[PDB]
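So this one's two forms of a single chain, laid out as structure tokens and tagged structure 1 and structure 2.
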Structure 1
């Protein structure tokens, strides 16, 4: 190790972080109090994500921050109350009230130094720190504002370290603020130069998968988070197991980000099957690979058939023979129209983790024999930015709600500067995808 530190910012970041760690403990055979039985081997794969104490206790290299206590109090009181470093569960009293300007400066300034001093404590326990994985929403005041203040500060204190994001993109089905597009554009603008790779999780795509594949009428955050945690686990498994693809954080940029600004890959996960839907025959390697090119299975709503590919990774889990992967890829190359940019290599990088995929017992997802997560960098994701930019433009033209941000120390021109950066980004995707 080669340690990675996970940071969970605000409600979405925290609750998704809860589901991710619940799943990592299940995958690595760690109990809720950090204990692990008989089959110990220090020299363990998961040591990149878990430090080891004295009593044989494996503790996540995780930090949880919120500007309000309610969500983190549940963590301090729940099934995992003894899993995390109690000093690594940090809370303020007065939240950012869905206002980026409060998370970023007026409120966030009161707790930022404590957060960095707590991160330093975890960093000091690392022999070869690779960097950070940062979980947050785009829409919340904390998820947006506090994360970008944190990202700016981490860039100064850990210049040579990689920073990855898991960003919850807003959907009106579960939205709690009208100002979510403002917060999303302001955070994207300030975080852009500080992030190396970012995995957008569109709440609407997760919501649709829960409705269509898991038959959930009105999906709850618990339903969405368990699905999201499954997909994040598929992305992070290579860092936690001794594989050959994406073994370190640097490798995610190398494999998925040929252009620094175009650092938003698309994740497509298959198969998502209802635990209550019995009995279907198990899906083959061809069936799960073909499912990677079906828009219905994406983490973000967009159409890759419209755009162009710059990079493509397929990460298998379970009973997956390498020859069968090779054959399914050749099938996909011929049968499908997957266009790559006239400069990047037309190739599919493959990773295989032989461990049967893990699900939460009693959850909505059925245990499958084999699974795949495709990580591709497509220009089609620009559509998700266009939808956000549109909503921002409609409100900003009237300066609706702007008094809230200006009232919290922000200068109005910051809205214009952020939106010009989003316009430069949309143009960057246009210039590449041609």
Structure 2
């Protein structure tokens, strides 16, 4: 029981999925062929077992074009997945949300749902779904929102969590990505229970500044993203001192259904090439969670209000040190919580130390932490996207490509109005009560 099924959609979702499952295998001692020489058994939430001792990911990879999933089919981890879990079409969505949701997506939705159902049948206590995708791609945006809508029909209120890639100009973006981002966000909003946005610019900057990589590749970006994803899922794949259930994540983070976008911040992220410098204390890594340099989304929480804060530690960490670190933070003024929230903190501690991919850029550390904070500052990310959307939409630039696929101009204004309401919702949650 307590199973979680991961769904990786489009290039970004698939490639991030590759990095995640590579890291999970290394963390659990699972070989690329699925064999695991042997316990905890908490790893069964993410891996089913075959009668021949093979550990197969509870995952589905979907893309409307075959090239990306074809590298998984012929790569190092080709034996890890059953062929039926890797689903591909013939032609992609051509960076068009309308083709991913309608024209092309409609051709493969039933097959994907059938495969998800097959994985759900293997669960005795399904927790929900983890959906990985880009905001910008036609598949990542259009197909994901169609899948989320269909998952709400087939699984009702069953939790659906997203790991969404927020677009950045420095990291291979298309001109229409702001349109696809707002369209998918509007469509998926009522169907997602919690979404972890990952700003490509933030990751790009962290790779350049903290890891000394002049021009980061998707492999550099994804390996860092996977370390953060691993920290948030480690609570489900291991049994440590303080374990955070998937339901416990959301209960403590999401005060209102629409306000479900926590800001992720990870520490320590340090170069494998760096000089000695002995290990960062629990207080040092915890204080780093409030430094903007370590954030997954570019925004300013110092000029925002916190609604919740979840600290997920891993490695050489004892509760007494965590409580001392939290006590100092509670006395700081630079971190303002909303007046309607008596204590925003929730701590998870997993004793398994951070695993590093051999030949990677990250240095191996004794202890690490990932903070998930629900701050009103995350609305800055919406504001930037909405502005880019407005610039183009005021002229109706590119909207004929979407209308050509059967979409209506009314859907653009409906999606934008929902984003305006969302930005207004973030303003209202921060205003002081009576």
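Numbering follows the first chain given and starts at 1. In this text, the rigid core denotes the largest set of C-alpha atoms whose superposition between the two forms falls within 1.5 Å.
*Asks:* Taking only shifts of 2 Å or more in Cα after a rigid core superposition between the two structures, tell me which of 74, 208, 319, 248 qualifies.
*Replies:* Comparing the C-alpha positions, the one residue that moves 2 Å or more is 248.
*Asks:* After a rigid core superposition, would you say the CA of residue 346 moves by 2 angstroms or more between the two structures, or not?
*Replies:* Yes, the C-alpha moves 2 Å or more.
*Asks:* Look at the Cα of residue 278 between the two structures with the rigid core superposed and state its shift in Å.
*Replies:* Comparing the two forms, residue 278 shifts 2.7 Å at C-alpha.
*Asks:* After fitting the core, how far does the CA of residue 336 move between the two structures, in Å?
*Replies:* C-alpha shift for residue 336: 4.6 Å.
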